[PDB]
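Here is the file input_36.cif (mmCIF, C-alpha atoms).
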data_entry
#
loop_
_atom_site.group_PDB
_atom_site.id
_atom_site.type_symbol
_atom_site.label_atom_id
_atom_site.label_comp_id
_atom_site.auth_asym_id
_atom_site.auth_seq_id
_atom_site.Cartn_x
_atom_site.Cartn_y
_atom_site.Cartn_z
ATOM 1 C CA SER A 22 0.000 0.000 0.000
ATOM 2 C CA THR A 23 1.747 3.148 -1.417
ATOM 3 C CA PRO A 24 1.784 6.687 -0.006
ATOM 4 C CA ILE A 25 -0.716 7.948 -2.620
ATOM 5 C CA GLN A 26 -2.971 5.185 -1.277
ATOM 6 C CA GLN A 27 -3.026 6.363 2.334
ATOM 7 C CA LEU A 28 -3.567 9.973 1.069
ATOM 8 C CA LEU A 29 -6.542 9.060 -1.151
ATOM 9 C CA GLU A 30 -7.997 6.715 1.522
ATOM 10 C CA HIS A 31 -7.964 9.627 3.971
ATOM 11 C CA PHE A 32 -9.706 11.945 1.513
ATOM 12 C CA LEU A 33 -12.240 9.196 0.739
ATOM 13 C CA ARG A 34 -13.106 8.578 4.389
ATOM 14 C CA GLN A 35 -13.518 12.334 4.897
ATOM 15 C CA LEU A 36 -15.834 12.699 1.795
ATOM 16 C CA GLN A 37 -17.892 9.620 2.880
ATOM 17 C CA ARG A 38 -18.506 11.264 6.271
ATOM 18 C CA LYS A 39 -20.259 14.071 4.404
ATOM 19 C CA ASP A 40 -22.836 11.522 3.054
ATOM 20 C CA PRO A 41 -24.265 9.977 6.315
ATOM 21 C CA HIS A 42 -27.180 8.209 4.495
ATOM 22 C CA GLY A 43 -24.822 6.412 2.066
ATOM 23 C CA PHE A 44 -26.609 7.846 -0.988
ATOM 24 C CA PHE A 45 -23.230 7.764 -2.781
ATOM 25 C CA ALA A 46 -21.924 4.461 -1.214
ATOM 26 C CA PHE A 47 -22.861 2.043 -4.063
ATOM 27 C CA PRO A 48 -23.693 1.991 -7.863
ATOM 28 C CA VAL A 49 -27.069 3.279 -8.688
ATOM 29 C CA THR A 50 -29.374 0.753 -10.380
ATOM 30 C CA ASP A 51 -32.221 1.455 -12.866
ATOM 31 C CA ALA A 52 -34.548 -0.326 -10.491
ATOM 32 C CA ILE A 53 -34.212 2.449 -7.836
ATOM 33 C CA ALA A 54 -33.735 5.162 -10.489
ATOM 34 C CA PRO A 55 -35.724 4.778 -13.711
ATOM 35 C CA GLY A 56 -33.771 5.556 -16.913
ATOM 36 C CA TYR A 57 -30.511 6.124 -14.970
ATOM 37 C CA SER A 58 -28.236 4.035 -17.233
ATOM 38 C CA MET A 59 -29.419 5.689 -20.413
ATOM 39 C CA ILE A 60 -28.914 9.198 -18.960
ATOM 40 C CA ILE A 61 -25.651 8.722 -16.993
ATOM 41 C CA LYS A 62 -22.993 7.279 -19.303
ATOM 42 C CA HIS A 63 -20.135 6.921 -16.786
ATOM 43 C CA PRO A 64 -21.471 5.942 -13.319
ATOM 44 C CA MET A 65 -19.289 6.468 -10.269
ATOM 45 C CA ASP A 66 -19.810 6.038 -6.477
ATOM 46 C CA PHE A 67 -17.610 5.860 -3.327
ATOM 47 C CA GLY A 68 -17.377 1.995 -3.487
ATOM 48 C CA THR A 69 -15.890 2.096 -6.964
ATOM 49 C CA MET A 70 -13.490 4.859 -5.990
ATOM 50 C CA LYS A 71 -12.267 2.794 -3.032
ATOM 51 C CA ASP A 72 -11.704 -0.157 -5.365
ATOM 52 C CA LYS A 73 -9.764 2.033 -7.755
ATOM 53 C CA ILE A 74 -7.543 3.231 -4.890
ATOM 54 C CA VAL A 75 -6.738 -0.433 -4.139
ATOM 55 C CA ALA A 76 -6.151 -1.343 -7.813
ATOM 56 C CA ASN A 77 -3.613 1.524 -7.809
ATOM 57 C CA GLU A 78 -5.595 3.092 -10.617
ATOM 58 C CA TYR A 79 -5.112 6.632 -9.225
ATOM 59 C CA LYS A 80 -1.653 8.049 -9.761
ATOM 60 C CA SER A 81 -2.441 11.577 -8.583
ATOM 61 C CA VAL A 82 -4.840 13.470 -6.405
ATOM 62 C CA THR A 83 -6.105 15.148 -9.605
ATOM 63 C CA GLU A 84 -7.306 11.860 -11.091
ATOM 64 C CA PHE A 85 -9.052 11.096 -7.776
ATOM 65 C CA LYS A 86 -10.617 14.509 -7.776
ATOM 66 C CA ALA A 87 -11.933 13.950 -11.336
ATOM 67 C CA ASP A 88 -13.849 10.824 -10.282
ATOM 68 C CA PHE A 89 -15.310 12.637 -7.276
ATOM 69 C CA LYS A 90 -16.475 15.426 -9.613
ATOM 70 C CA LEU A 91 -17.941 12.866 -11.986
ATOM 71 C CA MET A 92 -19.924 11.331 -9.113
ATOM 72 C CA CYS A 93 -21.339 14.731 -8.048
ATOM 73 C CA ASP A 94 -22.082 15.833 -11.679
ATOM 74 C CA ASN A 95 -23.958 12.576 -12.399
ATOM 75 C CA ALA A 96 -26.149 13.164 -9.380
ATOM 76 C CA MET A 97 -26.795 16.788 -10.407
ATOM 77 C CA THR A 98 -27.663 15.661 -13.896
ATOM 78 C CA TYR A 99 -30.034 12.819 -13.014
ATOM 79 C CA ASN A 100 -31.809 14.257 -9.984
ATOM 80 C CA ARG A 101 -34.120 17.270 -10.076
ATOM 81 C CA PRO A 102 -32.815 20.396 -8.275
ATOM 82 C CA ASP A 103 -35.369 20.213 -5.429
ATOM 83 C CA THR A 104 -34.355 16.731 -4.297
ATOM 84 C CA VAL A 105 -32.212 15.621 -1.353
ATOM 85 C CA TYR A 106 -29.869 14.006 -3.861
ATOM 86 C CA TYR A 107 -29.157 17.092 -6.010
ATOM 87 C CA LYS A 108 -28.677 19.409 -2.977
ATOM 88 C CA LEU A 109 -26.351 16.959 -1.275
ATOM 89 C CA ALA A 110 -24.339 16.464 -4.562
ATOM 90 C CA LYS A 111 -23.888 20.245 -4.962
ATOM 91 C CA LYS A 112 -22.996 20.747 -1.279
ATOM 92 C CA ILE A 113 -20.387 17.990 -1.154
ATOM 93 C CA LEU A 114 -18.879 18.793 -4.558
ATOM 94 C CA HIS A 115 -17.791 22.244 -3.619
ATOM 95 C CA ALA A 116 -16.804 21.348 0.016
ATOM 96 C CA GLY A 117 -14.937 18.262 -1.047
ATOM 97 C CA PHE A 118 -12.934 20.246 -3.532
ATOM 98 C CA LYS A 119 -12.157 22.929 -0.854
ATOM 99 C CA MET A 120 -11.104 20.133 1.466
ATOM 100 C CA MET A 121 -8.756 18.482 -0.993
ATOM 101 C CA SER A 122 -7.055 21.837 -1.642
ATOM 102 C CA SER B 22 -76.660 16.553 -20.814
ATOM 103 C CA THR B 23 -76.279 20.230 -22.009
ATOM 104 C CA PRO B 24 -74.798 21.352 -25.406
ATOM 105 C CA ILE B 25 -71.573 22.434 -23.671
ATOM 106 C CA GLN B 26 -71.309 18.860 -22.303
ATOM 107 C CA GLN B 27 -71.481 17.135 -25.675
ATOM 108 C CA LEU B 28 -68.944 19.714 -27.086
ATOM 109 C CA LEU B 29 -66.452 19.122 -24.279
ATOM 110 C CA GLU B 30 -66.958 15.328 -24.393
ATOM 111 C CA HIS B 31 -66.024 15.277 -28.071
ATOM 112 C CA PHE B 32 -62.895 17.314 -27.356
ATOM 113 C CA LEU B 33 -62.019 15.037 -24.460
ATOM 114 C CA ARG B 34 -62.430 11.871 -26.508
ATOM 115 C CA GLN B 35 -60.187 13.341 -29.294
ATOM 116 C CA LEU B 36 -57.442 14.398 -26.743
ATOM 117 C CA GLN B 37 -57.496 10.911 -25.063
ATOM 118 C CA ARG B 38 -56.940 9.283 -28.408
ATOM 119 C CA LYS B 39 -53.592 11.130 -28.522
ATOM 120 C CA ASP B 40 -52.419 9.309 -25.304
ATOM 121 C CA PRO B 41 -52.790 5.582 -26.348
ATOM 122 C CA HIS B 42 -50.908 4.276 -23.270
ATOM 123 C CA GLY B 43 -53.218 6.123 -20.860
ATOM 124 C CA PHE B 44 -50.358 8.020 -19.151
ATOM 125 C CA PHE B 45 -52.874 10.835 -18.635
ATOM 126 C CA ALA B 46 -55.966 8.742 -17.817
ATOM 127 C CA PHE B 47 -55.817 8.787 -13.989
ATOM 128 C CA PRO B 48 -54.337 10.827 -11.001
ATOM 129 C CA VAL B 49 -50.620 10.288 -10.583
ATOM 130 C CA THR B 50 -49.725 8.817 -7.191
ATOM 131 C CA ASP B 51 -46.526 9.486 -5.174
ATOM 132 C CA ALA B 52 -45.983 5.701 -5.251
ATOM 133 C CA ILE B 53 -45.395 5.698 -9.059
ATOM 134 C CA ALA B 54 -43.866 9.208 -9.029
ATOM 135 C CA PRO B 55 -41.699 9.953 -5.977
ATOM 136 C CA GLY B 56 -42.237 13.438 -4.591
ATOM 137 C CA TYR B 57 -45.021 14.234 -7.130
ATOM 138 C CA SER B 58 -47.499 15.759 -4.638
ATOM 139 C CA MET B 59 -44.920 18.149 -3.184
ATOM 140 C CA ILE B 60 -43.868 19.448 -6.709
ATOM 141 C CA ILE B 61 -47.265 19.550 -8.445
ATOM 142 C CA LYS B 62 -49.674 21.798 -6.454
ATOM 143 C CA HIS B 63 -52.810 21.222 -8.589
ATOM 144 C CA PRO B 64 -52.953 17.693 -10.175
ATOM 145 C CA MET B 65 -55.214 17.179 -13.225
ATOM 146 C CA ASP B 66 -55.845 14.127 -15.495
ATOM 147 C CA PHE B 67 -58.426 13.109 -18.158
ATOM 148 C CA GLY B 68 -60.510 11.122 -15.628
ATOM 149 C CA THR B 69 -60.872 14.252 -13.448
ATOM 150 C CA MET B 70 -61.700 16.364 -16.520
ATOM 151 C CA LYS B 71 -64.511 13.909 -17.505
ATOM 152 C CA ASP B 72 -65.968 14.145 -14.019
ATOM 153 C CA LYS B 73 -65.962 17.943 -14.164
ATOM 154 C CA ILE B 74 -67.808 17.857 -17.481
ATOM 155 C CA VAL B 75 -70.547 15.785 -15.911
ATOM 156 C CA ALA B 76 -70.607 17.914 -12.734
ATOM 157 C CA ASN B 77 -71.342 20.876 -15.095
ATOM 158 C CA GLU B 78 -68.194 22.494 -13.792
ATOM 159 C CA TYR B 79 -67.034 23.796 -17.152
ATOM 160 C CA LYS B 80 -69.109 26.688 -18.444
ATOM 161 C CA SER B 81 -66.934 27.407 -21.471
ATOM 162 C CA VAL B 82 -64.340 25.889 -23.738
ATOM 163 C CA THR B 83 -61.782 28.289 -22.264
ATOM 164 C CA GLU B 84 -62.156 26.775 -18.743
ATOM 165 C CA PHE B 85 -61.814 23.261 -20.211
ATOM 166 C CA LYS B 86 -58.725 24.304 -22.163
ATOM 167 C CA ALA B 87 -57.223 25.729 -18.931
ATOM 168 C CA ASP B 88 -57.447 22.295 -17.232
ATOM 169 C CA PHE B 89 -55.957 20.570 -20.269
ATOM 170 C CA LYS B 90 -53.052 23.064 -20.200
ATOM 171 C CA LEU B 91 -52.595 22.506 -16.404
ATOM 172 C CA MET B 92 -52.392 18.710 -17.034
ATOM 173 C CA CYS B 93 -49.722 19.148 -19.726
ATOM 174 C CA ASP B 94 -47.764 21.835 -17.688
ATOM 175 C CA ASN B 95 -47.739 19.510 -14.627
ATOM 176 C CA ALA B 96 -46.254 16.693 -16.749
ATOM 177 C CA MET B 97 -43.553 19.015 -18.211
ATOM 178 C CA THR B 98 -42.725 20.304 -14.793
ATOM 179 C CA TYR B 99 -42.384 16.947 -13.016
ATOM 180 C CA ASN B 100 -40.851 14.798 -15.715
ATOM 181 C CA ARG B 101 -37.326 15.305 -17.132
ATOM 182 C CA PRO B 102 -37.266 16.497 -20.826
ATOM 183 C CA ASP B 103 -35.884 13.284 -22.321
ATOM 184 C CA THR B 104 -38.699 11.142 -20.969
ATOM 185 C CA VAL B 105 -41.585 9.585 -22.820
ATOM 186 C CA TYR B 106 -43.807 11.615 -20.451
ATOM 187 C CA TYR B 107 -42.411 15.063 -21.104
ATOM 188 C CA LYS B 108 -42.282 14.579 -24.856
ATOM 189 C CA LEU B 109 -45.887 13.362 -24.976
ATOM 190 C CA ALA B 110 -47.152 16.293 -22.831
ATOM 191 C CA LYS B 111 -45.504 18.876 -25.141
ATOM 192 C CA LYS B 112 -46.733 17.113 -28.239
ATOM 193 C CA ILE B 113 -50.358 16.956 -27.110
ATOM 194 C CA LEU B 114 -50.414 20.380 -25.474
ATOM 195 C CA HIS B 115 -49.714 22.175 -28.716
ATOM 196 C CA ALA B 116 -51.750 19.765 -30.939
ATOM 197 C CA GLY B 117 -54.642 19.802 -28.544
ATOM 198 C CA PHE B 118 -54.838 23.557 -28.461
ATOM 199 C CA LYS B 119 -54.602 23.631 -32.269
ATOM 200 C CA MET B 120 -57.479 21.109 -32.514
ATOM 201 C CA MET B 121 -59.720 23.061 -30.162
ATOM 202 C CA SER B 122 -59.127 26.153 -32.298
ATOM 203 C CA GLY C 4 -41.143 3.530 -15.138
ATOM 204 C CA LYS C 5 -41.624 7.164 -13.948
ATOM 205 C CA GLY C 6 -39.808 9.872 -11.933
ATOM 206 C CA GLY C 7 -36.335 9.820 -10.313
ATOM 207 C CA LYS C 8 -35.317 8.236 -6.981
ATOM 208 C CA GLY C 9 -36.945 8.016 -3.595
#

Would you put the structure from the file into structure tokens?
Amino acid sequence: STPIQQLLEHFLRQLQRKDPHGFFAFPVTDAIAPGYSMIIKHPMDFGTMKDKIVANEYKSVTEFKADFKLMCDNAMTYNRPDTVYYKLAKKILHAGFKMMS
Amino acid sequence: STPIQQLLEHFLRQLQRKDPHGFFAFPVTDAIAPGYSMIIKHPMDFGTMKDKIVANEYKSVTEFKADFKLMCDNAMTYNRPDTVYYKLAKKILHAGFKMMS
Amino acid sequence: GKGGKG
């Protein structure tokens, strides 16, 4: 387990703490979210990111940050603005980026 | 069964023919449409319109057209633009008003 | 069939 790995694992644990319901913990399925897979072309979630940390697929904090952004943008794209999901995705996107600066 | 009633019933039958799946036939419930009743303040559907015809609640074509428009605007408000639902509501809104003119 | 999540 490399040094970039303990850095990204720390950031991941801190971002997950901002989602106490686990709305971002696991892949979204079309069964809970009609039409999701036809609207969101590159799904992402915290479980996937953790796996990618372990597969050493992140070589930089910037690549990690890009997947975080993709997760938030997917949620802001799929969910209507009034929903818990959209508000939470906006809130954590900007705070997560501030945190990782 | 007044003259206004047979006029509005013809219009209603022609508008229903434009929704062959019956997406507009009955009240939407929050069970098939999460958060519907908190986003849409005044629900309308063809089954409710038919009732109001028979209750003599429409005194003019303009009042009838207003409920048709509310039904279509509710659908375009709640449903995302790429959906079957949104597309159908736009399509029939404009055709329906053209037919009634 | 209809809506988003929830």

Which residues of chain C have any atom within 6 Å of an atom in chain B when counting only C-alpha atoms, and what is the closest pair of atoms for each, with the distance in Å to one decimal? Order the rows by chain and rising number and write it as a tab-separated table.
residue	atom	partner	partner_atom	distance
C:5	CA	B:54	CA	5.8
C:6	CA	B:54	CA	5.0
C:9	CA	B:55	CA	5.7

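Separating atom CA of residue B:35 from atom CA of residue B:97 is a distance of 20.8 Å.
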
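Nearest residue to residue B:36, choosing from B:87, B:120, B:49, B:60 and counting all atoms listed in the file: B:120.
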
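Proximity to residue A:27 was assessed for A:75, A:110, A:46, A:65 counting only C-alpha atoms; the smallest distance is recorded for A:75.
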
Residue A:32 surroundings by all atoms listed in the file, 12 Å radius, close-in-sequence under 4 positions cut, as a PyMOL selection string: chain A and resi 25-28+36-39+67+70-71+74+82+85-86+89+116-122

Counting only C-alpha atoms, the residue of A:23, A:109, A:103, A:66 that sits nearest chain B: A:103

Nearest residue to chain A from the set B:31, B:59, B:84, B:107 (distances using all atoms listed in the file): B:59

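As for atom CA of residue A:78 and atom CA of residue A:92, they are spaced 16.6 Å apart.
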
Extract stretch 78-93 of chain A from the structure I just pasted (atoms: N, CA, C and O atoms) and return it as a PDB file, in the first residue's frame.
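This is the output file selection.pdb:
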ATOM      1  N   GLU A  78      -5.228   2.508  -9.346  1.00  0.00           N
ATOM      2  CA  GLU A  78      -5.595   3.092 -10.617  1.00  0.00           C
ATOM      3  C   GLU A  78      -5.514   4.610 -10.557  1.00  0.00           C
ATOM      4  O   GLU A  78      -5.695   5.266 -11.603  1.00  0.00           O
ATOM      5  N   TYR A  79      -5.326   5.183  -9.351  1.00  0.00           N
ATOM      6  CA  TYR A  79      -5.112   6.632  -9.225  1.00  0.00           C
ATOM      7  C   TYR A  79      -3.652   6.972  -9.011  1.00  0.00           C
ATOM      8  O   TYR A  79      -3.072   6.611  -7.992  1.00  0.00           O
ATOM      9  N   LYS A  80      -3.057   7.732  -9.920  1.00  0.00           N
ATOM     10  CA  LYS A  80      -1.653   8.049  -9.761  1.00  0.00           C
ATOM     11  C   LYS A  80      -1.465   9.462  -9.177  1.00  0.00           C
ATOM     12  O   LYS A  80      -0.367   9.879  -8.897  1.00  0.00           O
ATOM     13  N   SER A  81      -2.548  10.192  -8.980  1.00  0.00           N
ATOM     14  CA  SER A  81      -2.441  11.577  -8.583  1.00  0.00           C
ATOM     15  C   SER A  81      -3.710  11.916  -7.900  1.00  0.00           C
ATOM     16  O   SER A  81      -4.773  11.349  -8.251  1.00  0.00           O
ATOM     17  N   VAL A  82      -3.644  12.885  -6.991  1.00  0.00           N
ATOM     18  CA  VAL A  82      -4.840  13.470  -6.405  1.00  0.00           C
ATOM     19  C   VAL A  82      -5.769  14.058  -7.474  1.00  0.00           C
ATOM     20  O   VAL A  82      -6.971  14.021  -7.313  1.00  0.00           O
ATOM     21  N   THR A  83      -5.221  14.588  -8.574  1.00  0.00           N
ATOM     22  CA  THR A  83      -6.105  15.148  -9.605  1.00  0.00           C
ATOM     23  C   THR A  83      -6.969  14.106 -10.233  1.00  0.00           C
ATOM     24  O   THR A  83      -8.151  14.414 -10.594  1.00  0.00           O
ATOM     25  N   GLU A  84      -6.444  12.905 -10.460  1.00  0.00           N
ATOM     26  CA  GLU A  84      -7.306  11.860 -11.091  1.00  0.00           C
ATOM     27  C   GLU A  84      -8.426  11.470 -10.133  1.00  0.00           C
ATOM     28  O   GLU A  84      -9.546  11.122 -10.541  1.00  0.00           O
ATOM     29  N   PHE A  85      -8.109  11.485  -8.835  1.00  0.00           N
ATOM     30  CA  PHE A  85      -9.052  11.096  -7.776  1.00  0.00           C
ATOM     31  C   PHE A  85     -10.147  12.128  -7.728  1.00  0.00           C
ATOM     32  O   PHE A  85     -11.402  11.785  -7.716  1.00  0.00           O
ATOM     33  N   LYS A  86      -9.706  13.393  -7.811  1.00  0.00           N
ATOM     34  CA  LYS A  86     -10.617  14.509  -7.776  1.00  0.00           C
ATOM     35  C   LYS A  86     -11.561  14.456  -8.961  1.00  0.00           C
ATOM     36  O   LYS A  86     -12.736  14.779  -8.808  1.00  0.00           O
ATOM     37  N   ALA A  87     -11.064  14.033 -10.114  1.00  0.00           N
ATOM     38  CA  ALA A  87     -11.933  13.950 -11.336  1.00  0.00           C
ATOM     39  C   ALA A  87     -13.069  12.958 -11.178  1.00  0.00           C
ATOM     40  O   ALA A  87     -14.145  13.163 -11.711  1.00  0.00           O
ATOM     41  N   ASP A  88     -12.818  11.837 -10.509  1.00  0.00           N
ATOM     42  CA  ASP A  88     -13.849  10.824 -10.282  1.00  0.00           C
ATOM     43  C   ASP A  88     -14.862  11.279  -9.256  1.00  0.00           C
ATOM     44  O   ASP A  88     -16.043  10.999  -9.393  1.00  0.00           O
ATOM     45  N   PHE A  89     -14.410  11.938  -8.210  1.00  0.00           N
ATOM     46  CA  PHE A  89     -15.310  12.637  -7.276  1.00  0.00           C
ATOM     47  C   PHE A  89     -16.228  13.612  -7.994  1.00  0.00           C
ATOM     48  O   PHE A  89     -17.464  13.541  -7.800  1.00  0.00           O
ATOM     49  N   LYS A  90     -15.674  14.462  -8.850  1.00  0.00           N
ATOM     50  CA  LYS A  90     -16.475  15.426  -9.613  1.00  0.00           C
ATOM     51  C   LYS A  90     -17.479  14.669 -10.465  1.00  0.00           C
ATOM     52  O   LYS A  90     -18.644  15.112 -10.633  1.00  0.00           O
ATOM     53  N   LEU A  91     -17.041  13.581 -11.088  1.00  0.00           N
ATOM     54  CA  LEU A  91     -17.941  12.866 -11.986  1.00  0.00           C
ATOM     55  C   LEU A  91     -19.140  12.302 -11.193  1.00  0.00           C
ATOM     56  O   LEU A  91     -20.276  12.359 -11.657  1.00  0.00           O
ATOM     57  N   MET A  92     -18.877  11.811  -9.975  1.00  0.00           N
ATOM     58  CA  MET A  92     -19.924  11.331  -9.113  1.00  0.00           C
ATOM     59  C   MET A  92     -20.970  12.410  -8.788  1.00  0.00           C
ATOM     60  O   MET A  92     -22.210  12.186  -8.996  1.00  0.00           O
ATOM     61  N   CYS A  93     -20.476  13.588  -8.347  1.00  0.00           N
ATOM     62  CA  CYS A  93     -21.339  14.731  -8.048  1.00  0.00           C
ATOM     63  C   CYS A  93     -22.106  15.204  -9.289  1.00  0.00           C
ATOM     64  O   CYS A  93     -23.329  15.498  -9.203  1.00  0.00           O
TER      65      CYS A  93
END
